[PDB]
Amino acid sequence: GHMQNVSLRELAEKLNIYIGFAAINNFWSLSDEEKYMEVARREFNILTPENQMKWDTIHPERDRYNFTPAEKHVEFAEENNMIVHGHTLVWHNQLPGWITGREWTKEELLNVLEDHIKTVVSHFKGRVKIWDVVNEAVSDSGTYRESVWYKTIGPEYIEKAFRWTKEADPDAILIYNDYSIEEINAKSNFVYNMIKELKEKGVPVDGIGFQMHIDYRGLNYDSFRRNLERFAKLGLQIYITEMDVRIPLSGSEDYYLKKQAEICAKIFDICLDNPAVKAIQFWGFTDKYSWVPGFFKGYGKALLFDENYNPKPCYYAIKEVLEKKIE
């Protein structure tokens, strides 16, 4: 015969791709830890720690590293035949006080950056298959974002981060990850020309991550498909890293859950049609545990499973698209 439950990760493996999630902080000690862990191992073969590899947790003082929470994320992916997607080495948010609380000069922040990168990347060498090296380096104007990194160091912090990362783990796939660059627009044009110049200089930018924090309005699918093609032609691997499809909390639940399913299906169709797309992840998987309600005033219910871990319409919609693709 054949196996009874036809999970997303089983279907992902027959497509030679990964489908997964972001693991909440301290997932092993949730009140409902057991259920959370079970759904996650049943469904997924790639795991990104939601926050526990961020600068705040992992490097809370200039001369102290804390790998403890991160190691728990990695052990769980390992015991569960998942690969680990590392997040994130350089970003403007969730920085500890010893970084934000003092003025820096260029040479000192370069030295700080290199130490952080080499320490975390070497510590997890060979155990983290994909690194978000730089996260959200580009403003909502398609100019460079005016972070502590940029203001202190200049644009070179980007290439140096990638080069330092590759040194510390040559087998890691190094990516640049951003939001709102799924379509052709001012922001993705800037990211495009940016990666195009870094690769021409020999910087090891292996891939691009499209966060895919979207809502019930969907995307311009033609623009998204054309955007994936131009990036792939740069010789990049492509990762959907943080998917969620937030819907208004007010009024017709069924209508919005139906639009959510259609969107998820359309996004998978396009992604499965382009062989440079290697993983699709959701920024979580159950609506019980999502950053959306707290960040996006008036929206929620953005994930695969409801608050009781029952699959929602999008889940079945994506499974059906996965199954058709194999068929």
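One-based numbering along the sequence shown.
**Student:** Do the C-alpha atoms of 257-265 or of 285-293 have the higher average B factor in the entry?
**Tutor:** It is 257-265.
**Student:** Comparing average C-alpha B factors as deposited, tell me which of 51-59 and 266-274 sits higher.
**Tutor:** Looking at the recorded C-alpha B-factors, 266-274 comes out higher on average.
**Student:** Say you rank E136, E182, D215, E197 by Cα B-factor from the PDB entry; which sits at the top?
**Tutor:** In this record, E197 carries the highest C-alpha B-factor of the candidates.
**Student:** From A232, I117, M243, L249, can you pick the one with the highest C-alpha B factor in the entry?
**Tutor:** Result of the comparison over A232, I117, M243, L249: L249.
**Student:** Which third, lowest, middle or highest, does the C-alpha temperature factor of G154 belong to within its own chain?
**Tutor:** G154: CA B-factor falls in the highest third of its chain.
**Student:** Looking at the entry's B-factor column for C-alpha atoms only, identify whether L30 ranks in the lowest, middle or highest third of its chain.
**Tutor:** Tercile = highest for this residue's CA B-factor.
**Student:** Which third, lowest, middle or highest, does the C-alpha temperature factor of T165 belong to within its own chain?
**Tutor:** Answer is middle: the recorded C-alpha B-factor places it there.
**Student:** Please say which third, lowest, middle or highest, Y144 falls into when its CA temperature factor is compared across its chain.
**Tutor:** Its C-alpha B-factor belongs to the highest third of this chain's values.
**Student:** Based on the entry's values, in what third of the chain does the Cα temperature factor of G202 lie: lowest, middle or highest?
**Tutor:** For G202, whose C-alpha B-factor we compare with every modelled residue in the chain, the answer is the highest third.
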